[PDB]
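Structural characterization, general
Listed below, chain by chain, are the residues.
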Number of protein chains: 2
Amino acid sequence: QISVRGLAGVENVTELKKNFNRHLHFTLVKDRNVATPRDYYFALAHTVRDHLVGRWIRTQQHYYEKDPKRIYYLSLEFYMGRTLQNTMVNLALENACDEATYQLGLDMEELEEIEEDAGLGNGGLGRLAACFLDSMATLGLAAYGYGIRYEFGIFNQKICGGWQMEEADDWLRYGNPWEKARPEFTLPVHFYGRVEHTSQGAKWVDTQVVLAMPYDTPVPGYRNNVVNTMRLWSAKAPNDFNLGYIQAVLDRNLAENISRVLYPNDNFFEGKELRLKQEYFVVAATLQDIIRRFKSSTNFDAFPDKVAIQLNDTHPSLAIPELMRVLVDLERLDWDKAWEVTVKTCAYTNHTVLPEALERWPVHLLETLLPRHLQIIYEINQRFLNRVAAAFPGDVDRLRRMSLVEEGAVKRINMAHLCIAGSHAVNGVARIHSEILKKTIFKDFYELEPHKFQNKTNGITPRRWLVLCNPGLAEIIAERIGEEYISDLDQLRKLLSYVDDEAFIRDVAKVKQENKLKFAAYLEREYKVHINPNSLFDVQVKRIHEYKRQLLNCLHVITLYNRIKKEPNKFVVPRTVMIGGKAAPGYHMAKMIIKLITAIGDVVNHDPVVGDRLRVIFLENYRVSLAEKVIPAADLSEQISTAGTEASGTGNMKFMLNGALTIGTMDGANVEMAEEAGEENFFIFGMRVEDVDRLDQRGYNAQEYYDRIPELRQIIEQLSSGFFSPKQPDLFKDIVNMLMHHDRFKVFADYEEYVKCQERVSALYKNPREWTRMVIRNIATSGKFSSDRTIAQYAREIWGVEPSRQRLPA
Amino acid sequence: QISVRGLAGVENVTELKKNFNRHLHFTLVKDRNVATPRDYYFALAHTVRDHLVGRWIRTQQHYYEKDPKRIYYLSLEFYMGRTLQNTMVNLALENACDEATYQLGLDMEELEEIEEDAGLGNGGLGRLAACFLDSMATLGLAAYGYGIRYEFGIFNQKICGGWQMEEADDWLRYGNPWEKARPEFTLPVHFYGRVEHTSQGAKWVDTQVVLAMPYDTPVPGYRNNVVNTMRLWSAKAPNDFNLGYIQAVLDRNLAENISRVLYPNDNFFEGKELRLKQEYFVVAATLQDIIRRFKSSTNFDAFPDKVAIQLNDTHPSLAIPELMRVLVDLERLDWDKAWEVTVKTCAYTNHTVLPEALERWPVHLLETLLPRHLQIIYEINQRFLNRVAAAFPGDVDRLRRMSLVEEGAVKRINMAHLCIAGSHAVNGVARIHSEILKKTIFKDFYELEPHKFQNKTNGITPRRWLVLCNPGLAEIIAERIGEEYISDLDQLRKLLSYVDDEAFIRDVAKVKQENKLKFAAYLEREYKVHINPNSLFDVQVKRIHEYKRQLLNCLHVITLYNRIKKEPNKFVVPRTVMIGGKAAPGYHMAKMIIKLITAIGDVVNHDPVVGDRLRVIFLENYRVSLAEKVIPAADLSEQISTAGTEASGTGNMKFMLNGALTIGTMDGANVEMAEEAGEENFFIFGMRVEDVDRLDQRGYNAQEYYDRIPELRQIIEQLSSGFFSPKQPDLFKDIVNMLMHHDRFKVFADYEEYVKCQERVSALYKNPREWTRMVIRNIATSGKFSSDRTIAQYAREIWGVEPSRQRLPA
Ligand SMILES: O=c1ccn([C@@H]2O[C@H](CO)[C@@H](O)[C@H](O)[C@H]2O)c(=O)[nH]1
Ligand SMILES: O=c1ccn([C@@H]2O[C@H](CO)[C@@H](O)[C@H](O)[C@H]2O)c(=O)[nH]1
């Protein structure tokens, strides 16, 4: 049907059909009379997977012979979403499979909807890891994702009575056809025990052994025949384990619980033992695998020329003392040499500056669980602090601030401080976030070693985030400028010479309309609720957090409502406000915010006076495959974090790419996006970082905004008095109390500018042609936000390897 | 190479090779340079499984259209062993796969050794269930095995320092290519809750739901293209389960523990809740599946014409109140009609008379776990006892003996009494065992309903137990009489006219020699110990139990040893005594017996005076695939249970079929075997059942045998005094104490006759030609012990269906 989806050849379509029928028969043990759509999804899924393996096998063979430097991306999170469509797209099989399945009398899109999301992460950091793997495979790097095969991923969110309910995400119930178990490469991981000293060094003894079994998932590059590996470890008990009898077998579960469930806290640290175990387990099994591959080429001077390890936040920071451990205690290198190898091998990415999100492990935990690693850490700290003392003699305060060991209540280990000391490079994830690291939380570190600190502004893969979710837009872009932009997103600049092209304007606007129609029906079919598709689609989707200021959004919504009710017969640009995201199960405020949003909907959506003019919808179970649907349908993207709090953001980039305009603050990558498109093409409002500091110095008093802004006073009174919850008039006391007395994020400070900026959006929306020309100018300057650009900079400036766009032979 | 192994056609061999290479590539994601033997086993395993599916699909289709009565075999045990060779044999693929794999440069036998045993049972009852499924598929019955998919089967036994150590049997580590998960037919099973009464009947409410997910394993008939189904349920938590958050997800394991491990007690009841849960779970999910298949043809009068349920011991006896429950509470039939349907549907097989093996569930357990089923049981009992009262008015003692409810200490439910009351047929498993049921433990029941009681003497499948484990013997038999005996084992009678054929005598003896050579090397390769292959191979393999009297065997061994030492330079027929079997983890005596046997070996096997004349070996980890190796290699089969205790035995039959002679007591099926071969062709010794009763009436005093038999006195003194354990002189005090003061099994009473009978065996062994002619006479009369005969009688006399030998189309 559409050209960017590839050739439907007569040979290929005929081949696909025969293999589909083969799998239905041999693999699924079914035939046409008893097959459900699920069986059809699987038969297609095995058929498409067949095209990967040949490529997968020769990619691993190529690396064996060429021996390039390997990149190891360690993350506790890989937020992959669905694999089938992405695999078709990267293999150029999409139209052929559509044809093949149409001829068998099936609808391929209906089949895609059956695949479970791999929800092996929380939000932005997990999903960046997914974009990175796609980009790495596309740029031909010999790269491996390593993580944990969680049996349950982020919980499924249901709303019952307006409240979030959590339900276990049993994503493996039906099988995962993409993974290949590899029990032959199972590795021991050790816990507890104690440290013995001998003539020939320290020894770690009396340990419990947990086994780590790997599962490999293929990662296809874009049309280049490269297929890389994402290897995820699963926990397994050894067979003499605990080995009265029945109970011993049942207790094998204690050891396997390591890989059972993903922790659902995002931007918040929770110091639980089970979490530390997961952190050690991924790092222990991964380093053994790394060292094993290295030995199959004695000589560790060359280890940094053959190995790069990227740490995704501090979650795998134990890589650092672990590699010291293996090199010092097992390979018998001296300290100084092992340390040089370590620093040269590891590099660290920070993702946040929020103090509650930083990992600070109690010493009593590490002592019990990892007694040797604690020793190594004390030794790293001592030698590090001697470089500090010697560079800043007499500065005793610097020493306590820079220590990897926090003193106080309970002693803690600051894992960020460890990652900086043991890495040759530390990066933030957007330019402003990188400067903030240098000026604030890591300033001492930066003065010590300026050369370690870099920026690598985040990006998204245009394969998933454009070609896959938005074929309509991809196609019309391809009609004008060719297909080459799919792996060179800079080429979208050529779209600027079409900003005054009448036919392009109508096409860009036609695609948005279609996506809106499609999403509007998806709302009615799968969740039974009605939206006007002619309204502006105002969407905020991201995890629920105080810093992300969904509350700011709520206050605007209430304002629009109170303005309609005051002057009912006045024209207002109609809007569908959609807000979605999961709250971490123990984040009480976040749960309250979800309840507020649905309460606003209960009132606004049933006011006959309001009519079709304002709708508020909470989008349940926001996840990757729901993002692929709502994002193409959006007109307005809300990125309204308090300046200085959103390290980068990546949702923002998805929306710029897919033809929504952005309202947001000068925060994170918003700054670079407005810089690329021009500030006039962006709706910027509110305090800058500097204003926030000015307000902190003198103190934030929210009463001041409540006394001066009668529109805001009225909202608060309505909140306090039971307007939104007539059966529990005091239901929202916590929210009001917080807003009034301890808002760490200054919601009221931005309120006025926000509402005013929002009237400018409605005004531009009244002029469709000029709304669309602004859209064209956003889309055409989103090139910089491709994760291909991001990974090319990591490759040249951190890893020391060169990308290449070159096909391997088929 | 050998004809009973089928055609190696040029088409088939070429096909097998291309599919093997396909699986190695697509399914295993490997190629020739990195493949291990394990990968080769799997590639063959998937290739052979491909030939099953077409047959599997049309067998299930045939049953749908013909609608024959279905047989449902419920068992908590299916002791399957390995599947690959058995599948080749029943499909006639064996020579073709040998060829195909030889041409790829592999050794197929070396590949077969990699397959894990499916050890989903304990011993004789579990393995009978396996023979039955093969026979049922071979005789074309529409039959389903139903059970539990245990994640760990019978433990692997290791001997450390002569003691049994247990190790978890992780049979699924590497995958099971034979099973097909069927998550689409998952069914709820309920526990706990309470009973509510309404206007329209009893209701079971507030229950915990456990989900039962089925796995289907194909069961191929012999060369008839029938493929039946063995369906095994796995336990799964529902998704709102327990649903602070982390702990809720981790606790999903409590529900899944139901299918985690097989209980390892054989001939011994253990009243643990987890066991009762497993019993209910298999019966609850199975009946729903049965009723579902029945509805897809309102009318339950015809249920018994479309459904038969066989209960394998009382482990699934809850089928009876469960079917009452569903029919009465859910389908709303009246009691009397539902009961008639139940009785007409169910039938019950007893496997033992040992009082400690009988299931007697505490009432307080059933009350908590299954409150409704307890009510139904009380109602069954009341109405049953009114038929007793009315048939035997005034007999108050009969009433208390026949009650399903035992009074006493704690009230219990006698599950045997329940199975008899709710079944139209009750059978023993050998003729003598069936008479013993009628005369002793079930006498009251028999006087009430004589017509329920039947016999169905056990059998073994000649596919596994001859063609598969002993191709040598199968072949030479086939040379003389054709192939037809493989599914009509009666034809072995024709072998009698060859008892004086010189060439046959030499062939039968050549096969035994080869099997002995092969097994003797298997001992050196895989367990590093040396045996003379010219010795008589004296083997006792079966679970370790006091009633099986391995101790009797031990006393003979010590006697032979003390006789060699007394007159060292006298000729004795040399022997290799092998004894093997697992002890249940809490059966202290059984563990002591294993230790005794290895202690005897430590002494006997290192006495230079003894030399090559006597060796004692304990065969570690006795299991199905070890039975397939030792049984063909045996000369002497030891079946020496105290008369009246071995319900039937089936090891005995394996040995008769494979050319060993039998020494044993007139117990179980030994009686029918000696009757078939002639008593002169069998080494019978010891008390009969009647002698045992005579000795009980007057009392068993073991001191009497110790005072009169100086050879026995000396053994006991050696035991007591530390001869066999010089570092713990009192190590065996428990065994001696037991033997002397409370032997429920009268080891000494049989000792004299045993030793004398054993000299007769050595004497026949000195004359090879006459030993072999006796062998030929055993083999030729083993026909009756085929499970095809057993199942044909079940079919005609219990189930009301006719067998057929007819091919389905290919
Ligand atoms: O715990 C955390 C800490 C940070 N991030 C996000 O990382 C993304 C990837 O770099 C950023 O774009 C986003 O700003 C940040 O909050 C998370 O998603 N979870
Ligand atoms: O718990 C038990 C009770 C009995 N049997 C055996 O059943 C076989 C099959 O019928 C019999 O041949 C054997 O005598 C009996 O002990 C067991 O294996 N386990």
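Residues numbered from 1 in each chain as written, not as in the entry; some residues may be left out. Chains lettered and ligands numbered in written order. Heavy atoms only, no water.

This entry lists X-ray crystallography as its structure determination method and reports a resolution of 2.50 Å.

Focus on the overall build of chain A
The helix and strand tally for chain A stands at 33 helices and 23 strands. Expressed along its principal axes, the backbone C-alpha trace of chain A runs to roughly 90 × 75 × 60 Å. Counting all 810 residues of chain A, 66% fall into the buried class. In the form shown here, chain A has an accessible surface area of approximately 30,000 Å², with 50% of it arising from carbon and sulfur atoms. (Helix = DSSP H or I, 4+ residues; strand = E, 2+ residues; numbered from the N terminus. Buried < 20%, exposed > 50% of the residue type's maximum accessible area, 1.4 Å probe, protein only. Areas by Shrake-Rupley, 256 points an atom, 1.4 Å probe, with all protein chains shown as cover.)

Thoughts on the interface of chain B and chain A
Taken together, the contacts link 49 residues of chain B with 49 residues of chain A. By the criterion of area lost to chain A, the three top residues of chain B are B:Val29, B:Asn239 and B:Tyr245, representing 15% of everything that side buries. Linking chain B with chain A are 4 salt bridges, by the criterion used here. Two residues, A:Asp170 and B:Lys236, come together in a salt bridge whose shortest N-O distance is 3.3 Å. Viewed at the interface, chain A and chain B are joined by 14 residue pairs in polar contact. When contributions to the side of chain B that touches chain A are tallied by element, the ones reaching two or more residues are α1 (10-27), α2 (37-66), β6 (163-167), α7 (245-250) and α8 (252-256) of chain B. For the side of chain B that touches chain A, the element with the highest residue contribution is α2(B), accounting for 7 residues. (Contact = heavy atoms within 4.5 Å. Buried area = accessible area lost by both parts, 1.4 Å probe. Salt bridge = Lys/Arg side-chain N within 4 Å of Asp/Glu carboxyl O. Polar contact = N/O pair within 3.5 Å; in protein donor to acceptor, adjacent residues only side chain to side chain.)

Let's talk about the relation of the copies chain B and chain A
Two chain copies, one operation linking them: a rotation about an axis together with a shift along it. Each copy superposes on the other: chain B lies on chain A with an RMSD of 0.0 Å after a rotation of 180 degrees and an axial shift of 0.0 Å. Such a combination of rotation and displacement between the chain copies is what one expects of a two-fold axis. For chain B, the residue whose C-alpha comes nearest the rotation axis is B:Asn253, separated from it by 3.8 Å. (Least-squares fit on C-alpha atoms.)

Some points on the site of ligand 2
All names here are of chain B. The environment of ligand 2 is formed by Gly124, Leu125, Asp266, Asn267, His351, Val429, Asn458, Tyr547, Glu646, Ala647, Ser648 and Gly649. Measuring from an oxygen atom of ligand 2, one finds a side-chain N or O atom of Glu646 at 2.8 Å. For ligand 2, an oxygen atom lies 3.4 Å from a polar atom in the backbone of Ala647. Isolated, ligand 2 exposes 430 Å² of accessible area, and the fraction of that covered by the protein chains is 93%. Looking at the shell around ligand 2, its residues break down into 4 nonpolar, 6 polar and 2 charged. Taken domain by domain, the makeup of the shell around ligand 2 includes at least three residues from each of domain 1 (1-459 + 787-810) and domain 2 (460-786). (Near = heavy atom within 4 Å. Nonpolar A, V, L, I, M, F, W, Y, C, P; charged D, E, K, R; others polar. Domains from an automatic or database assignment.)

Side note on the site of ligand 1
All names here are of chain A. Taken together, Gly124, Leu125, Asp266, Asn267, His351, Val429, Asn458, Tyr547, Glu646, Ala647, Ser648 and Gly649 make up the full set of residues adjacent to ligand 1. Within the backbone of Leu125, a nitrogen or oxygen atom sits 3.0 Å from an oxygen atom of ligand 1. For ligand 1, the protein covers 93% of the area, taking 420 Å² as the surface of the free molecule. Broken down by class, the residue content of the shell around ligand 1 amounts to 4 nonpolar, 6 polar and 2 charged. Here the shell around ligand 1 spans two domains, and each of domain 1 (1-459 + 787-810) and domain 2 (460-786) adds at least three residues to it.

Overview of the pairing of strand β12 (residues 346-349) of chain A
All names here are of chain A. Burial of the side chains of β12 extends over both faces: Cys346 and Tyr348 are buried on one face and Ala347 and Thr349 on the other. Both β12 and strand β16 (residues 426-428) contribute to a ladder of 2 bridges, which runs parallel. Directly across from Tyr348, in β16, lies its bridge partner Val426. (Pairing = 2+ DSSP bridges.)

So, the domain arrangement of chain A
Residue and element names in this part refer to chain A. Assigned domains within chain A: domain 1 (1-459 + 787-810) and domain 2 (460-786). Here the C-alpha centre of domain 2 lies 31 Å away from the C-alpha centre of domain 1. Between domain 1 and domain 2, the residue contacts involve 61 residues of the former and 59 residues of the latter. A buried area of about 4,900 Å², summed over both sides, lies between domain 1 and domain 2, and 53% of it is on carbon and sulfur atoms. The largest share of the area that domain 1 buries against domain 2 comes from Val4, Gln157 and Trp163, three residues that together contribute 13% of it. Ionic pairing is found between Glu356 and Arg744, a salt bridge with its closest N-O pair at 2.7 Å. The interface formed by domain 1 and domain 2 includes 34 residue pairs in polar contact.

Notes on the state of the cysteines
Tallied over the full model, the rule gives 0 disulfides over all chains. In this model B:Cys757 remains outside any disulfide bridge; the closest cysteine sulfur is found in B:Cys554, 18 Å from its own. (Disulfide = S-S within 2.5 Å.)

Quick look at the packing of helix α22 (residues 550-566) of chain A against helix α23 (residues 588-604) of chain A
All names here are of chain A. Orientation of α22 relative to α23, taken along the N-to-C sense of each, is 15 degrees, at an axis distance of 10 Å. By the angle class used here, α22 and α23 are roughly parallel. The chirality of how α22 crosses α23 is left-handed. For the pair α22 and α23, contact is made by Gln550, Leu551, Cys554, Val557, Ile558 and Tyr561 and by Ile593, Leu596, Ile597, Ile600, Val603 and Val604, respectively. (Axes fitted to C-alpha atoms, helices over the stretch in contact; angles between N-to-C directions. Parallel < 35°, antiparallel > 145°, perpendicular 65-115°, else oblique. Left-handed = near helix turned anticlockwise from the far one by under 90°.)

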